[PDB]
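# Chains, contacts and geometry: an overview
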Amino acid sequence: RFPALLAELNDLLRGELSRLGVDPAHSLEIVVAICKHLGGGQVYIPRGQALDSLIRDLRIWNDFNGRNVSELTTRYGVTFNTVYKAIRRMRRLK
DNA sequence: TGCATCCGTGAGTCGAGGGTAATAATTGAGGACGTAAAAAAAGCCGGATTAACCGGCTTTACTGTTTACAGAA
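As documented in the archive entry, the model was determined using cryo-EM at 3.78 Å resolution.

Following this line, the structure appears as structure tokens:
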């Protein structure tokens, strides 16, 4: 499982470096670096699901300024309970 | 004892119209009492609203295996 996934990861890293102006071969260093600092065991790579919901609520209350909460339920289709919890959360943070 | 006098009795299934009518006075007063109309309950009726979720994906903690270079007749 490791070889093909590592190869694709290196391909994407070098593509992103080329897009950003960095030399693609520098990606090897990057992956080597992460291969030193990310080991320890077996765990699947996902995303920031907590951060995904965090930025979702961020966008929700950035678009929210009143009645457009209904538009929020029309934006993607979500509950008013989570929207109200997110509003209270944005009130909590300063 | 003969006489009038009175009192039940006497068929049955069926159909189609099925209702008609001699007569008659007005005032006044008084009160009851029904019925609309307009207003409070009051009773839901519409639209947002905070706290109950209970299956399910995603890491940590183990768990029985799966190979090629060092030890024993």
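Here the narrative resumes.
### Concerning the packing of helix α3 (residues 49–63) against helix α5 (residues 80–92)
In a pair of packed helices, the angle between the axes and the distance between the axes together describe the arrangement. Running from N to C, α3 and α5 point in directions that differ by 85°, and their axes come no closer than 10 Å. The angle between α3 and α5 places the two elements in the roughly perpendicular class. Touching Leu-54, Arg-56, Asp-57, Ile-60 and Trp-61 of α3 are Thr-82, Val-83, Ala-86, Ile-87, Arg-89 and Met-90, all from α5. Residue classes in the contact of α3 with α5 are distributed as seven nonpolar, one polar and three charged.

### Notes on the packing of aromatic side chains
Aromatic ring pairs are defined here through the distance separating the ring centres and the angle between the ring planes. Scanning the entire structure with this criterion turns up zero aromatic pairs. The ring of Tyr-76 is capped by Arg-75, whose NZ or CZ atom sits 5.2 Å from the centre of that ring.

### Here's the deal with the protein's contact with DNA strand B
The environment of DNA strand B is formed by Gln-42, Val-43, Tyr-44, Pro-46, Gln-49, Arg-67, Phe-80, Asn-81, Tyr-84 and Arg-88. Of all atoms in DNA strand B that approach within 4 Å of the protein, 59% are sugar or phosphate atoms. One of the side-chain nitrogen or oxygen atoms of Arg-67 is found 2.7 Å away from a phosphate oxygen of DNA strand B. With respect to DNA strand B, the side chain of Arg-88 contributes an N or O atom lying 3.2 Å from a phosphate oxygen. Sort the elements by how many residues they give to the surface near DNA strand B and α5 lands first, with four residues. In the surface near DNA strand B, the residues fall into five nonpolar, three polar and two charged.

The rules behind these values
Residues numbered from 1 in each chain as written, not as in the entry; some residues may be left out. Chains lettered and ligands numbered in written order. Part of a larger assembly, values for the part shown. Heavy atoms only, no water. Residues with missing side-chain atoms left out of burial classes, pairs and counts. Axes fitted to C-alpha atoms, helices over the stretch in contact; angles between N-to-C directions. Helix = DSSP H or I, 4+ residues; strand = E, 2+ residues; numbered from the N terminus. Parallel < 35°, antiparallel > 145°, perpendicular 65-115°, else oblique. Contact = heavy atoms within 4.5 Å. Nonpolar A, V, L, I, M, F, W, Y, C, P; charged D, E, K, R; others polar. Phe/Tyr/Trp six-rings, centres within 6.5 Å; stacked < 30°, edge-to-face > 60°. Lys NZ or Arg CZ within 6 Å of the ring centre and 35° of its normal. Near = heavy atom within 4 Å. Polar contact = N/O pair within 3.5 Å; in protein donor to acceptor, adjacent residues only side chain to side chain.

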